Amino acid sequence: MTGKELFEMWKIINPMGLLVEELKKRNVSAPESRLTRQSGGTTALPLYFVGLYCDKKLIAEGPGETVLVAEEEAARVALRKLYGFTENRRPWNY
Amino acid sequence: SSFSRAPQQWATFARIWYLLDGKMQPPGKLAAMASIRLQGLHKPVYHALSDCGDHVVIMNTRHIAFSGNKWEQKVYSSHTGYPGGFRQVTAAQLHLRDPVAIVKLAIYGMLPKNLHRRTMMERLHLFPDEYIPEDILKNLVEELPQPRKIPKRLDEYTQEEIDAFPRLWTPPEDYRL
Amino acid sequence: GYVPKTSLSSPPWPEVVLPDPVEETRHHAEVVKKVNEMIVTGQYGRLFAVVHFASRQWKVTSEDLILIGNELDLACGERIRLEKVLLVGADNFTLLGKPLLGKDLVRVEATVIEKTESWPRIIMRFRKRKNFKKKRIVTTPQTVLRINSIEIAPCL
Amino acid sequence: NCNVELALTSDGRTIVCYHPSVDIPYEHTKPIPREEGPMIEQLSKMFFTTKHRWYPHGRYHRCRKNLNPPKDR
Amino acid sequence: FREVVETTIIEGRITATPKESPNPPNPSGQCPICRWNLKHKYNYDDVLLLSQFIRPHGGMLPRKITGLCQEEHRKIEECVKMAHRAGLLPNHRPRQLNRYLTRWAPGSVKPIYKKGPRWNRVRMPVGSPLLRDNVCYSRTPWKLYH
RNA sequence: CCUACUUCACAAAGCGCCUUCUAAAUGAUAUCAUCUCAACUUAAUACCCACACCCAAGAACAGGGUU
């Protein structure tokens with residue numbers, strides 16, 4: 001599992017529902033999805049950074065080529081941060 | 001960090017749209033900023049094969065300003081292939097027949113002289129007035145700072161500025177002006 | 001001594017004042033203390049480290065591989081404490097030396113994966129009309145190292 | 001963008017830099033809104049590239065292109 | 001100053017004559033420029049000085065009136081030309097291409113139809129050699145010819 | 001371009017015919033004056049653009065007509 005990200009191993013569909021259920025478990029309010037940064041909105045190669053927020057402050061943000069994909073992948077990023085299986089985590093101790 | 005592979009690559013290699021004011025600026029400094037942005041040389045990811053250039057929208061390009069007498073002294077030359085078709089026109093005549101061509105030729109000069117120059121030049125959009133089409137105004141991100149410090153006239157001086165400036169000398173009491 | 005507000009009077013660069021070293025060394029002491037708490041409490045994820053191995057600096061993290069163009073005089077599978085670490089950072093802080101970090105502060109430890117040689121490389125010389133044509137085939141020895149661990153100590 | 005905290009250590013041999021990430025404020029965000037020649041011309045104008053990129057190549061170039069290139073990461 | 005008011009009765013009337021500012025930081029000079037530490041500290045930008053040293057119709061006053069030294073009187077002359085042609089003096093009229101740093105009058109400059117080879121290239125003059133002695137806050141010096 | 005003339009005759013031609021669109025005041029530096037490498041003010045249109053048979057279209061291919 002070295003070099004493999006979470007959802008290249010545990011494949012899921014609709015991470016937004018799993019995320020809102022998880023924050024329901026943590027007794028945190030449902031996230032607000034806000035379009036933080038965007039470039040080339042009307043062209044064939046856009047970019048959108050969508051940030052998931054919880055009570056005035058963001059839990060995560062993620063990029064994408066459209067707002068739906070960006071929201072979905074930001075949901076995946078927030079699931080990674082909540083589960084602690086981040087790209088920044090401590091490596092395995094052998 | 002912690003993105004998936006395809007969105008992380010898409011975020012790294014996406015191209016951005018930069019607005020560039022062009023009033024009271026020289027065409028050369030605008031061309032420097034524009035060509036640095038068009039080659040992708042303003043990006044740490046840069047490589048000449050990767051084609052990581054950006055879009056530059058230089059507006060108000062009919063109010064550029066050559067430093068010096070260049071408006072009567074810089075000449076743009078071309079030659080239609082037919083015998084006797086050598087056309088030399090000053091910067092004034094070229095700025096009157098087409099008020100876009102000066103900055104375009106400057107940028108075309110500053111770009112590297114390879115086959116990517118035409119695609120880089122097609123990424124760039126020039127507009128002569130304050131008017132920009134709506135389909136481009138929906139894509140801009142950063143308004144680049146103007147390289148030349150714009151000077152200001154007597155009219156744009158406030159009272160406090162000329163009062164804070166001390167006035168220097170005795171005029172003779174009897175002088176006609 | 002006095003020059004009025006004029007274009008060449010004041011410098012174009014913005015005026016900046018450096019703080020006097022008293023409260024600046026107080027600020028430095030609290031920052032070093034608080035980073036030391038982050039180190040001792042495990043407030044780091046994985047660490048990266050710029051490490052001056054054989055003749056060149058490598059941006060080394062854990063779990064990864066390096067190719068080195070010489071015999072290292074070690075059989076395969078022995079571990080190594082790479083001295084001359086010269087930058088070590090995490091998600092929130094870095095520690096860079098002058099020009100190195102102390103051996104009590106950073107432990108970077110690697111394993112010798114393999115001892116190969118390079119692909120056969122061509123050295124061909126040719127001066128024209130002088131009949132000058134020489135050809136040599138070289139294969140340079142190489143060792144590949146697996147960086148295992150980059151751990152840090154709370155000594156600041 | 002500029003906010004980090006530098007500090008020389010006590011004996012003055014190492015430089016400790018501290019740099020947390022700046023999170024985007026909620027107030028700085030927007031809500032989510034809810035033939036053959038003409039083909040080359042349309043694609044060129046839509047992707048802001050020249051026409052020359054879109055014409056195909058001969059079989060010799062199609063065969064030298066590596067089909068299973070080495071993939072890293 | 002004084003004004004010649006005519007209406008036929010014609011008279012000359014003295015009205016509203018200024019004086020020195022209350023303190024010069026470096027007195028005992030010969031010119032106001034030398035007296036206010038502006039010997040090498042102005043440009044074509046600052047139309048405060050250049051507004052002081054001119055008639056209300058864009059002309060200058062003679063050196064016998066303003067008391068300037070020859071060097072900075074010529075400097076103020078060239079800066080008047082450079083500031084008028086750059087469009088910085090819009091209220092000093094007698095009664096469109098943007099410029100700045102224009103040394104020569106734009107009506108009498110011939111275009112460089114044949115610039116020479118690399119060792120004899122006819123350059124375009126930018127700025128003026130009177131302002132050569134300014135204070136150099138730039139790492140590389142002024143290029144007066146482009 | 002072929003109505004006439006001429007070589008000549010389902011037409012091509014000419015000798016034939018038709019068409020061709022730097023300068024004035026004002027003015028400072030140098031209070032007069034001074035055209036000012038001083039400031040100002042004033043004195044390209046058009047043309048072109050959606051099988052097969054015959055052809056004023058044509059080397060082939062193309063092009064026009066086939067009611």
# chains A, B, ... in the order shown; residues from 1 in each chain; ligands from 1
call {"tool": "interface_residues", "arguments": {"of": "chain C", "to": "chain B", "cutoff": "12 Å", "atoms": "only C-alpha atoms", "output": "PyMOL selection string"}}
result
chain C and resi 2-7+12+91
call {"tool": "interface_residues", "arguments": {"of": "chain A", "to": "chain C", "cutoff": "9 Å", "atoms": "only C-alpha atoms", "output": "NGL selection string"}}
result
:A and (2 or 88-94)
call {"tool": "closest_residue", "arguments": {"among": "D:14, D:3, D:9, D:65", "to": "residue C:86", "atoms": "only C-alpha atoms"}}
result
D:14
call {"tool": "select_by_dssp", "arguments": {"residues": "chain B", "states": "strand (DSSP E or B)", "output": "ChimeraX atom specification"}}
result
/B:17-21,55-59,65-67,75-79,86-90,125-126,142-144
call {"tool": "interface_residues", "arguments": {"of": "chain B", "to": "chain E", "cutoff": "9 Å", "atoms": "only C-alpha atoms", "output": "PDB file with N, CA and C atoms, in the first residue's frame"}}
result
ATOM      1  N   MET B  24      -0.849  54.081 -20.633  1.00  0.00           N
ATOM      2  CA  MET B  24       0.370  54.800 -20.258  1.00  0.00           C
ATOM      3  C   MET B  24       1.573  53.883 -20.053  1.00  0.00           C
ATOM      4  N   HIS B  63      -3.769  53.010 -25.824  1.00  0.00           N
ATOM      5  CA  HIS B  63      -3.164  54.068 -25.018  1.00  0.00           C
ATOM      6  C   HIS B  63      -1.818  53.650 -24.441  1.00  0.00           C
ATOM      7  N   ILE B  64      -0.990  52.964 -25.221  1.00  0.00           N
ATOM      8  CA  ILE B  64       0.380  52.673 -24.817  1.00  0.00           C
ATOM      9  C   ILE B  64       1.221  53.914 -25.074  1.00  0.00           C
ATOM     10  N   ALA B  65       2.448  53.941 -24.550  1.00  0.00           N
ATOM     11  CA  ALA B  65       3.285  55.141 -24.623  1.00  0.00           C
ATOM     12  C   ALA B  65       4.740  54.744 -24.854  1.00  0.00           C
ATOM     13  N   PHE B  66       5.245  55.007 -26.057  1.00  0.00           N
ATOM     14  CA  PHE B  66       6.680  54.911 -26.285  1.00  0.00           C
ATOM     15  C   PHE B  66       7.443  55.989 -25.535  1.00  0.00           C
ATOM     16  N   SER B  67       8.517  55.564 -24.874  1.00  0.00           N
ATOM     17  CA  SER B  67       9.409  56.458 -24.147  1.00  0.00           C
ATOM     18  C   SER B  67      10.384  57.135 -25.108  1.00  0.00           C
ATOM     19  N   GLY B  68      10.103  58.387 -25.411  1.00  0.00           N
ATOM     20  CA  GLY B  68      10.990  59.137 -26.266  1.00  0.00           C
ATOM     21  C   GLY B  68      10.301  59.462 -27.562  1.00  0.00           C
ATOM     22  N   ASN B  69      11.099  59.748 -28.584  1.00  0.00           N
ATOM     23  CA  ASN B  69      10.541  60.131 -29.870  1.00  0.00           C
ATOM     24  C   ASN B  69      10.234  58.918 -30.736  1.00  0.00           C
ATOM     25  N   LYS B  70      10.126  57.736 -30.114  1.00  0.00           N
ATOM     26  CA  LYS B  70       9.973  56.486 -30.854  1.00  0.00           C
ATOM     27  C   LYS B  70       8.719  56.476 -31.715  1.00  0.00           C
ATOM     28  N   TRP B  71       7.687  57.218 -31.303  1.00  0.00           N
ATOM     29  CA  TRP B  71       6.456  57.301 -32.083  1.00  0.00           C
ATOM     30  C   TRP B  71       6.701  57.854 -33.479  1.00  0.00           C
ATOM     31  N   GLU B  72       7.677  58.748 -33.637  1.00  0.00           N
ATOM     32  CA  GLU B  72       8.069  59.187 -34.969  1.00  0.00           C
ATOM     33  C   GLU B  72       9.353  58.547 -35.457  1.00  0.00           C
ATOM     34  N   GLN B  73       9.959  57.655 -34.682  1.00  0.00           N
ATOM     35  CA  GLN B  73      11.319  57.247 -34.973  1.00  0.00           C
ATOM     36  C   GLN B  73      11.496  55.735 -35.021  1.00  0.00           C
ATOM     37  N   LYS B  74      10.584  54.972 -34.432  1.00  0.00           N
ATOM     38  CA  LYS B  74      10.570  53.525 -34.571  1.00  0.00           C
ATOM     39  C   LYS B  74       9.779  53.148 -35.812  1.00  0.00           C
ATOM     40  N   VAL B  75      10.376  52.336 -36.677  1.00  0.00           N
ATOM     41  CA  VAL B  75       9.754  51.959 -37.939  1.00  0.00           C
ATOM     42  C   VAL B  75       9.555  50.448 -37.967  1.00  0.00           C
ATOM     43  N   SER B  77       8.740  47.272 -40.450  1.00  0.00           N
ATOM     44  CA  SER B  77       9.046  46.970 -41.836  1.00  0.00           C
ATOM     45  C   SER B  77       8.429  45.635 -42.215  1.00  0.00           C
ATOM     46  N   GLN B  88       7.649  50.303 -45.257  1.00  0.00           N
ATOM     47  CA  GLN B  88       8.168  50.789 -43.990  1.00  0.00           C
ATOM     48  C   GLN B  88       7.213  51.842 -43.460  1.00  0.00           C
ATOM     49  N   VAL B  89       6.697  51.637 -42.253  1.00  0.00           N
ATOM     50  CA  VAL B  89       5.757  52.576 -41.652  1.00  0.00           C
ATOM     51  C   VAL B  89       6.206  52.855 -40.229  1.00  0.00           C
ATOM     52  N   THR B  90       6.086  54.106 -39.792  1.00  0.00           N
ATOM     53  CA  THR B  90       6.503  54.434 -38.438  1.00  0.00           C
ATOM     54  C   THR B  90       5.540  53.824 -37.422  1.00  0.00           C
ATOM     55  N   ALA B  92       3.711  55.517 -35.487  1.00  0.00           N
ATOM     56  CA  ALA B  92       2.491  56.314 -35.515  1.00  0.00           C
ATOM     57  C   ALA B  92       1.503  55.787 -36.545  1.00  0.00           C
ATOM     58  N   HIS B  95       0.168  52.490 -35.516  1.00  0.00           N
ATOM     59  CA  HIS B  95      -0.774  52.615 -34.414  1.00  0.00           C
ATOM     60  C   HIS B  95      -2.098  53.208 -34.869  1.00  0.00           C
ATOM     61  N   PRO B 151       2.694  58.613 -14.044  1.00  0.00           N
ATOM     62  CA  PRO B 151       2.806  59.954 -13.472  1.00  0.00           C
ATOM     63  C   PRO B 151       1.462  60.659 -13.491  1.00  0.00           C
ATOM     64  N   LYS B 152       1.320  61.657 -12.630  1.00  0.00           N
ATOM     65  CA  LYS B 152       0.066  62.381 -12.506  1.00  0.00           C
ATOM     66  C   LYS B 152       0.274  63.884 -12.649  1.00  0.00           C
ATOM     67  N   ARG B 153      -0.723  64.530 -13.247  1.00  0.00           N
ATOM     68  CA  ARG B 153      -0.625  65.892 -13.746  1.00  0.00           C
ATOM     69  C   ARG B 153      -0.896  66.896 -12.629  1.00  0.00           C
ATOM     70  N   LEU B 154      -1.044  68.164 -13.021  1.00  0.00           N
ATOM     71  CA  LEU B 154      -1.512  69.182 -12.087  1.00  0.00           C
ATOM     72  C   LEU B 154      -2.946  68.911 -11.658  1.00  0.00           C
ATOM     73  N   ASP B 155      -3.764  68.396 -12.579  1.00  0.00           N
ATOM     74  CA  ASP B 155      -5.181  68.188 -12.305  1.00  0.00           C
ATOM     75  C   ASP B 155      -5.405  67.161 -11.206  1.00  0.00           C
ATOM     76  N   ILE B 162       0.029  69.791  -2.827  1.00  0.00           N
ATOM     77  CA  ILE B 162       0.779  70.979  -3.225  1.00  0.00           C
ATOM     78  C   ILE B 162       1.037  71.877  -2.021  1.00  0.00           C
ATOM     79  N   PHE B 165       4.045  70.295  -0.358  1.00  0.00           N
ATOM     80  CA  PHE B 165       5.231  70.710  -1.083  1.00  0.00           C
ATOM     81  C   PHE B 165       5.546  72.161  -0.752  1.00  0.00           C
ATOM     82  N   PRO B 166       6.733  72.463  -0.242  1.00  0.00           N
ATOM     83  CA  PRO B 166       7.104  73.858  -0.023  1.00  0.00           C
ATOM     84  C   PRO B 166       7.476  74.538  -1.327  1.00  0.00           C
ATOM     85  N   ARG B 167       6.946  75.742  -1.473  1.00  0.00           N
ATOM     86  CA  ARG B 167       7.214  76.626  -2.596  1.00  0.00           C
ATOM     87  C   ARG B 167       8.425  77.517  -2.323  1.00  0.00           C
ATOM     88  N   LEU B 168       9.330  77.583  -3.305  1.00  0.00           N
ATOM     89  CA  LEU B 168      10.768  77.629  -3.056  1.00  0.00           C
ATOM     90  C   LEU B 168      11.404  79.015  -3.075  1.00  0.00           C
ATOM     91  N   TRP B 169      10.763  80.043  -3.619  1.00  0.00           N
ATOM     92  CA  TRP B 169      11.588  81.184  -3.996  1.00  0.00           C
ATOM     93  C   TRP B 169      10.796  82.482  -3.925  1.00  0.00           C
ATOM     94  N   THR B 170      11.533  83.602  -3.915  1.00  0.00           N
ATOM     95  CA  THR B 170      10.945  84.937  -4.006  1.00  0.00           C
ATOM     96  C   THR B 170      10.785  85.348  -5.460  1.00  0.00           C
ATOM     97  N   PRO B 171       9.569  85.494  -5.969  1.00  0.00           N
ATOM     98  CA  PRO B 171       9.385  86.241  -7.211  1.00  0.00           C
ATOM     99  C   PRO B 171       9.597  87.723  -6.962  1.00  0.00           C
ATOM    100  N   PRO B 172      10.259  88.426  -7.881  1.00  0.00           N
ATOM    101  CA  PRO B 172      10.336  89.888  -7.773  1.00  0.00           C
ATOM    102  C   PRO B 172       8.949  90.513  -7.814  1.00  0.00           C
ATOM    103  N   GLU B 173       8.773  91.568  -7.014  1.00  0.00           N
ATOM    104  CA  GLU B 173       7.453  92.164  -6.831  1.00  0.00           C
ATOM    105  C   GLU B 173       6.962  92.827  -8.112  1.00  0.00           C
ATOM    106  N   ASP B 174       7.884  93.291  -8.949  1.00  0.00           N
ATOM    107  CA  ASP B 174       7.534  93.961 -10.198  1.00  0.00           C
ATOM    108  C   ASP B 174       8.056  93.132 -11.366  1.00  0.00           C
ATOM    109  N   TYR B 175       7.253  92.168 -11.815  1.00  0.00           N
ATOM    110  CA  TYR B 175       7.579  91.403 -13.010  1.00  0.00           C
ATOM    111  C   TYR B 175       6.288  91.023 -13.720  1.00  0.00           C
ATOM    112  N   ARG B 176       6.276  91.191 -15.044  1.00  0.00           N
ATOM    113  CA  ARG B 176       5.027  91.190 -15.800  1.00  0.00           C
ATOM    114  C   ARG B 176       4.428  89.794 -15.953  1.00  0.00           C
ATOM    115  N   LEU B 177       5.274  88.761 -16.018  1.00  0.00           N
ATOM    116  CA  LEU B 177       4.891  87.402 -16.435  1.00  0.00           C
ATOM    117  C   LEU B 177       4.198  87.416 -17.795  1.00  0.00           C
TER     118      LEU B 177
END
call {"tool": "select_by_dssp", "arguments": {"residues": "stretch 1-144 of chain E", "states": "helix (DSSP H, G or I)", "output": "ChimeraX atom specification"}}
result
/E:32-35,47-52,63-66,70-85,106-108,129-133
